[PDB]
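The next block holds one structure in the form of structure tokens; read it before the comments.
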Amino acid sequence: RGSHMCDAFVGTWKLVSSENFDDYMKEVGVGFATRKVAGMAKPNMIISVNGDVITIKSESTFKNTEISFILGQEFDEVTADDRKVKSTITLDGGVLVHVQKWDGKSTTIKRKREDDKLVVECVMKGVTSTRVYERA
Ligand SMILES: O=C(O)c1cc(F)ccc1Nc1cccc(Cl)c1-c1ccccc1
């Protein structure tokens, strides 16, 4: 089994900057106490690929979470803020596009490589948050 373009995401990443994330969590519907505690967190993101299966882990003082998935195939996810969502992740021109649907709501998380960084864009309606990660 050979290399894949998405191996560019593989590695250990740490959060280095965040913008508008509190507003993004508000639009998602995250309650007060969770927003305050989660807004303080500096998560590590650990991405690995094994065959068709991509695994993304998030570790922080707030919560430790993990998702494993195959591109284009819907799965059940319990988010860090305790939402139970249906998720589908696909590869669009080098960008991992992650859509979560729940309670009639929808949010989109994009992960992309920019220079030596992994840039995350969290979009909920008209509210966007940027989370920038660097190699740990
Ligand atoms: O935290 C990131 O950067 C991130 C990146 C992603 F690609 C996808 C999700 C992310 N985090 C969250 C999304 C919604 C709600 C919450 Cl509470 C979190 C969250 C906050 C603090 C610690 C752990 C998780």
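Virtual Cβ from ideal backbone geometry, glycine too; neighbours counted across all protein chains shown. Nothing in this text is a laboratory measurement; each read-out follows from the coordinates by a stated rule.
Condition check ((1) under 18 Å from residue 122 (Cα atoms); (2) among the acidic types (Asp, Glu)) across all residues:
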residue	(1), (2)
5	no, no
18	yes, no
25	yes, no
34	yes, no
56	yes, no
76	no, yes
81	yes, yes
Please go through the stretch 55-81 and pick out each residue that is more than 14 Å from the chain's Cα centre (by Cα) and buried (at least 16 other Cβ atoms within 10 Å of the Cβ).
62
Which residues, taken from the stretch 76-112, are more than 26 Å from residue 37 (Cβ to Cβ) and either away from the ligand (no atom under 13 Å from the Cβ) or hydroxyl-bearing (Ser, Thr, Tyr) (or both)?
88, 90, 91, 92, 93, 94, 104
Hey, does the stretch 21-42 have a residue that's within 7 Å of the ligand (Cβ to nearest atom) and closer than 11 Å to residue 131 by Cα?
no
Which of the residues spanning the stretch 121-136 are among the basic types (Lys, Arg) and over 14 Å from residue 100 (Cβ atoms)?
131, 135
Could you give me the residue pairs with C-beta distances under 7 Å whose first residue belongs to the stretch 89-104 and is within 22 Å of residue 29 (Cα to Cα) and part of a strand (DSSP E or B), whose second residue is basic (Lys, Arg) and within 12 Å of the ligand (Cβ to nearest atom) wherever it lies, and which are 6+ apart or on separate chains?
97/110; 102/83
